[PDB]
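Notes follow the structure.
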Amino acid sequence: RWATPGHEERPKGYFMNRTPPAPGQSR
Amino acid sequence: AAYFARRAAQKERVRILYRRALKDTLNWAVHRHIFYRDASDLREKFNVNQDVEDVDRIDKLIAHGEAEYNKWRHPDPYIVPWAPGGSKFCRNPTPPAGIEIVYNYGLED
Amino acid sequence: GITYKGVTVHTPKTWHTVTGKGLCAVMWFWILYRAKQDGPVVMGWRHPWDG
Amino acid sequence: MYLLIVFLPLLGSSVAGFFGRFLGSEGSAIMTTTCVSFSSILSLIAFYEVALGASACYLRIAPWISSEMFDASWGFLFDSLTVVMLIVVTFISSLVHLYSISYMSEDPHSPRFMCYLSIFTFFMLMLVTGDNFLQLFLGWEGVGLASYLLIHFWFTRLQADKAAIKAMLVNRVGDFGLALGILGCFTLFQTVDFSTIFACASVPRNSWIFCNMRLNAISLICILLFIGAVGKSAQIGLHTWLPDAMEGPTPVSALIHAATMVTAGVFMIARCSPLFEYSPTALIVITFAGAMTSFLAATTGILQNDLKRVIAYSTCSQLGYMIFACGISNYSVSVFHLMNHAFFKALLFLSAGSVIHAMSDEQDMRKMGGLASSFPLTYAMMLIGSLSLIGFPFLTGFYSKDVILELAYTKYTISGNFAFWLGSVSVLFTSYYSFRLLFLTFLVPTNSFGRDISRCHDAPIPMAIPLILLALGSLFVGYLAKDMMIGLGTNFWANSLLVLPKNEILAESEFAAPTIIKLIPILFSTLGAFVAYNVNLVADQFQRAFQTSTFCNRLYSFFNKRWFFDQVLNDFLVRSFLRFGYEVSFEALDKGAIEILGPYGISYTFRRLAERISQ
Amino acid sequence: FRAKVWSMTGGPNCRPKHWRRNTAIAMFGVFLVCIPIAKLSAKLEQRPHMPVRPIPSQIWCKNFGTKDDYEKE
Amino acid sequence: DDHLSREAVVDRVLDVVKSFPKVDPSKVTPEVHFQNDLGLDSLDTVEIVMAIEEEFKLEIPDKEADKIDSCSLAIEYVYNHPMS
Amino acid sequence: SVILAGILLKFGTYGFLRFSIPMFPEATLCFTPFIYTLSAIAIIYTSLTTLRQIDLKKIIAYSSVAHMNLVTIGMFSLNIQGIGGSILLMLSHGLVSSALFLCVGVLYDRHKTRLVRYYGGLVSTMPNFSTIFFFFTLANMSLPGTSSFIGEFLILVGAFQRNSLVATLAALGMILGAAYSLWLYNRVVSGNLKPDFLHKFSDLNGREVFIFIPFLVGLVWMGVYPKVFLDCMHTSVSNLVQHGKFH
Amino acid sequence: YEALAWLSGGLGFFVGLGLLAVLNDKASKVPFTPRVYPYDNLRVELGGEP
Amino acid sequence: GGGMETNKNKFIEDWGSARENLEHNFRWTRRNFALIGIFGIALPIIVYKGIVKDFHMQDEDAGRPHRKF
Amino acid sequence: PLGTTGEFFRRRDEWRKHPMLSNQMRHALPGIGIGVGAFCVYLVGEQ
Ligand SMILES: CCCCCCCCCCCCCCCCCC(=O)O[C@@H](COC(=O)CCCCCCCCCCCCCCC)COP(=O)(O)OCC[N+](C)(C)C
Ligand SMILES: CCCCCCCCCCCC(=O)SCCNC(=O)CCNC(=O)[C@H](O)C(C)(C)COP(=O)(O)O
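Residue numbers (the authors' numbering), protein chains in the order written: chain g, 31 to 57; chain n, 7 to 115; chain j, 9 to 59; chain L, 1 to 615; chain c, 15 to 87; chain T, 38 to 121; chain M, 249 to 495; chain l, 76 to 125; chain m, 2 to 70; chain k, 4 to 50.
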């Protein structure tokens, strides 16, 4: 299992539980 | 009397104590080629009376059996590792069924 | 390993038996090797190093 | 370069813990282990350039506590004694790191495990390389902290939580003595460094004023240091933690229970060698405690029926043997047995873990029977390790146990003879339960269940290479190190280990041997082999189960419950403390007694005095 | 519910797709910051003793055989 | 972690009472109780429980351990239990 | 509540330094055993009282009481290092107790229970809060490498140099400090998770995460390199210790 | 409370066997003589005065 | 299931806000007198005597006469 | 064997034999058959 890609599109959880906005705008 | 509630308790205790005695026999008999003879001896001992009808001749017998059984306990009895008392009880328990985590807490306006 | 009425044992891999045998034989030989050269040291007879 | 030996494991641990989401369960496994292996290679280089090229290396980073004439610094002491333990800690830590990646491939929280392991590696490197008592004290406390964290690896596991808490309290009560020792030795020398007290450690000859009565000064300091080492070596005083410490994961237990934190208490004595030799009173009580602990553990391990529990008592017996070795000014056999032990018990721990996790995670003697032919590799490994453990003639363990027993016999002091007797009678017990372990498993009809045997899978290759390396070690290292470091005045230790002229009995420990006592522990070993084989293979019809009337079940309970220490100590100390912290301090001191001055104590007093004043 | 909590040290089975890419960066990150530790230590490691045989640490070090006397510290 | 279904459990569970010598292995049924239909002594009730425990690693709590007086209760139980 | 143990608790203890020790040189010496026999038994009695406690706030306050009773020993033990260690311990305590009350108050602002019975298994969730709480508990656990240990080691050194008996009782305090704080940590954020009471809960957002950053950096800075703090006040402590006497 | 009764015996064996090592007096049973060094038992290299 | 606060079980509320106020219980009883006289007047006196004795023994070793204190 | 319960127990777990693992008596010490031969080879030749 050292060659298969991981089954994760993004690290689970939100940093400081702040949901990222729609792409393109700031924080 | 004609009340089977008392005898059903007797038929319950006999099975419970037989199961516990067989468990302890397995614990004491680390090797099994002695466990066969020991288990046979325990089974035969439970058939020594096998004919009790009077209620006055059972309480003394159950008290004597409990006292004799509790005298040897094998301080380290067998418990399945995932059993309640084993070596991996609550190893990696299944997460609780319903719990949610809110994200936007501590915001303003 | 061939399967039986409950014990369907799996045979050990190729390198989990020959490696063990050929590594344990080294220790078996080494016991006597140290019992021959440095063996006469601790027996009470023929103390080595100019003795 | 010498800073890379210590700081690389810390850096790897920090980056793995901070970015354990950036790296998968295998990225941290291949990164922290690689960093630890690089540190091990650095330690090997330092050993080549110091142990053989005899020139110790010294340094000082920055002043830690720059108070008045209390100079505390971040310096390290890369000494000849220290680098041997650098090898011991780094090699075993890297091998354990390689061991765990196979074991932890199924355990979810993988990266946290190598993070904790690297924290432990960094802490004990800081301890062993240290040169100041207080700067060694941070390593001393960090070893306990990492031990707690690793045994507490299973936060859900209730037993692990209680075991970790009790281990922390008992270790704190233990190193209480050492903590007192730092400032005990400071009040006579007005310094805390090692090189400035080993230069002149024999000059002070005055007394003190302790709590009760005036006693000696140096002897009291050494007594406190030994009490501190008790907590980190499971001596007679406080050894409640180690038997219950194997409630966590296995790969750490090969590193914390039988390999390295084992070495902390003995290395306390070993590092401060020219302090205990000038306190003969402390040496005698050290010998008593070491022999007592060794015998107690050796007779403790025999009844227990678990893989990890019994070998913990074997580790404690080796602890007692090493403490005695450090108690008779014969520190050579102490470090030699330390180096041997870190091989032939770490190997056994890896073998036990391999046979445990490959058999549906079961560690028992009563239930699991025999499956030796199912897999010969790790059984050959564990057989080699056991042969070292008993110390079969002309093996790695023989070259330590034989010489330590001979040294015990030679010294005619009131403690030498008693402890030699205790060690001789403990050899029988250790050779008994070691072969009991060899027999109750893999050499009996299989008493396990029919499902686990079908689900059989041998040791994976990445976890077998550490076993191969340890087997290669603990078959040649004893022969290689017998001459070079215990060889009647070997010139590589220099100032690392100092032995006083008066208490130097080595040559007559070999040239005055009666030959009727040197080869006797092999006789107890073969007698134990015979009795164990007879009881556990053939003659078990009455020799195994004793269904007598009285005094025999209680004999079973006395050693199973380990002398009721967990009962008497608990009820009479901690239960009483918890009872009187609620029914004494919270009843008759603050809440209820002097609270007659706060609410309901004076508030109602002024509800009568103030009332009858308007009329 | 494990996906909701951040688990800064990584989730239980956190397996990023490009974990090899991150591991390459992490290993490179250790090496680049390890050099200042090695470089800053070169001004340290005072060992007045001269080994009987030459070691390979003479190229980056000079604090050996120089601090002989102890009357001008 | 295969979690064997009813197909592989109907045979293993019934083999326990099939090997019992007191009961004749000619009219053994997946749905039968040994009290009356099979004619077993009232003491050997828990012995079958121990024997099946030696096959599947699971120990029912003693409160309802002997509540299984029928072969059906044991097999539905051992399927219900996940770690068996 | 974070400044009752932050600055409102340091008035009297610091008031001893400025208006009692140099003010009454001949009276503190005559009353030294009384302060010892008060503080040594305080560190024991309060610590024992701490164990049998259920409220989350009260345990931290009792630990603060024990820390102040410990620093009082090192302050009245007139030593050039005892007083400096007293000041270091007071600063370190002002940091760590403040951090601990914020840590136990962020739980209250979300659930409002203040009971350890309800709290449990908070490592399976809000792990960042668990890490911060563990770090600050270790700081209160009196480990070397944190600013506290620098604080009480000098206290013990100053006490032992004067009286041997008082140092043992004082160090009983840091022995017993592992009985309540570690128990609280393992009973609040490392137990078995219960969904019956804590149905839902979040983790620390950007505010309380940044709140602990100055605390953490100051803690580590004054723990690993307390030189600047000692450097800035060696003259004043020397002047304070040497007063009234001329030998 | 019955455990304390076994506790006394368990430690009693250790101290009892410790006293037995006093009843044999192995100190006087040395088969050799105390070790002696040159130069006043190496007085110059163990302290004292040059 | 949208309440972030605890359920505040009835049987736990009394346990919580009962130990908070123990003045009513701990007013006058036989065991209280023994406990107070053995652990609030006895132990402090013993430890104070030990401390002053230690100071006196320290003074004697140096030879200086003990202070009255 | 006999015992009215022993025969059922032994008969049920009759797979404990496992002829391949019938008895681990020769397998207790695996490396004798090669070590002694190697020792004899190295001893008879260097004379
Ligand atoms: C003596 C003091 C020295 C300084 C103190 C720092 C030493 C290390 C102390 C912290 C060690 C880690 C303990 C963290 C708490 C353990 C429990 C926990 O909360 O785990 C968290 C935190 O995990 C961690 O362990 C993070 C470790 C970060 C610490 C790394 C720094 C250690 C090295 C720094 C030492 C100082 C270096 C010198 C500075 C000059 C999450 O773990 P998960 O694997 O995600 O499991 C949670 C379950 N669930 C996924 C469902 C949420
Ligand atoms: C090491 C530990 C081992 C323990 C050994 C000591 C155990 C105690 C030994 C001393 C006491 C005994 O003999 S324990 C022997 C106890 N035996 C009985 O009470 C018989 C009861 N008989 C009945 O109820 C009816 O006749 C009937 C329903 C037909 C029968 O069916 P069951 O009975 O099935 O219900």
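Here a beta-carbon is modelled for each residue, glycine too, at the ideal position from N, C-alpha and C.
Going by beta carbons, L252/M and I291/M fall outside the 8 Å limit. If you check the CB distance, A245/L and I92/L do not come in under 8 Å. In terms of Cβ geometry, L443/L and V36/n do not form a close pair [threshold 8 Å]. Chain order gives no chain L residues near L98/l, where near means a beta carbon separation below 7 Å; the closest approach is about 11 Å.
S614/L and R607/L have their C-alpha atoms roughly 13 Å apart. By the Cβ-count criterion, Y76/l is exposed, with fewer than 16 other Cβ atoms from all chains shown falling within 10 Å of its own Cβ.
Per DSSP, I596/L lies in no alpha helix (DSSP H) segment and is marked neither H nor E.
When C-alpha distances from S202/L are compared across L224/L, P280/L, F226/L, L8/L, the shortest belongs to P280/L. Counted as a single uninterrupted DSSP element, the beta strand (DSSP E) harbouring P63/L occupies residues 63-65. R21/n and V83/T do touch by the CB rule: their CB atoms are close to 5 Å apart, below 8 Å. According to DSSP, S207/L shares a beta bridge with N216/L. Going by DSSP, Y262/M is part of the alpha helix (DSSP H) stretching over 258-267.
In the structure shown, the three-state DSSP call for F375/L is coil.
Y58/L: member of the beta strand (DSSP E) spanning 57-59, first to last residue. Below the 7 Å Cβ cutoff, chain L contributes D361 as neighbours of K94/n, in chain order. Secondary structure at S73/L: strand, using DSSP grouped into helix, strand and coil. Interface annotation, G36/g: in contact with chain L, CB-CB separation under 8 Å. In terms of Cα proximity to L307/L, the closest of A62/L, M368/L, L98/L, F577/L is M368/L. Closest by C-alpha distance to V84/L, out of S40/L, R612/L, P462/L, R60/L, is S40/L.
For the options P41/g, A33/g, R57/g, the alpha carbon positioned closest to that of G20/L is the one of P41/g.
Annotation: Cβ neighbours of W88/n in chain T (cutoff 7 Å, chain order): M120. For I286/L, the CB stays at least 7 Å from every heavy atom of ligand 1. Per the Cβ contact rule, the stretch 438-457 of chain M is in contact with the stretch 100-107 of chain n (3 or more Cβ pairs under 8 Å).
Around the beta-carbon of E17/k, fewer than 16 other beta-carbon atoms lie within 10 Å, marking it exposed. Taking 7 Å as the cut-off, one finds no heavy atom of ligand 2 near enough to the beta carbon of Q72/T.
Counted as a single uninterrupted DSSP element, the alpha helix (DSSP H) harbouring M35/j occupies residues 26-44. A Cβ-Cβ distance of about 7 Å is found for the pair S314/L and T430/L, placing them in contact under the 8 Å criterion.
For the stretch 442-463 of chain M, residues whose beta-carbon sits nearer than 7 Å to a beta-carbon of chain c comprise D451.
Contact between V333/L and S400/L holds, since their C-beta atoms are separated by about 6 Å, short of 8 Å.
Neighbours of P50/g in chain L, taken as residues at a C-beta separation under 7 Å, are lacking, since the least C-beta distance is about 16 Å.
Excluding the 5 residues flanking it on each side, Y433/M has same chain C-beta neighbours closer than 6 Å at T385, in chain order. Comparing C-alpha distances from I97/T to each of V65/T, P119/T, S42/T shows the shortest one belongs to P119/T. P83/n is a Cβ neighbour of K29/n, given a cutoff of 8 Å. Sequence-distant Cβ neighbours of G385/L in its own chain, meaning closer than 6 Å and more than five residues away, are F344, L347, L348.
Between the stretch 287-307 of chain M and the stretch 258-276 of chain M there are fewer than three C-beta pairs closer than 8 Å, too few to call the two in contact. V170/L and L238/L have their alpha carbons spaced roughly 6 Å apart.
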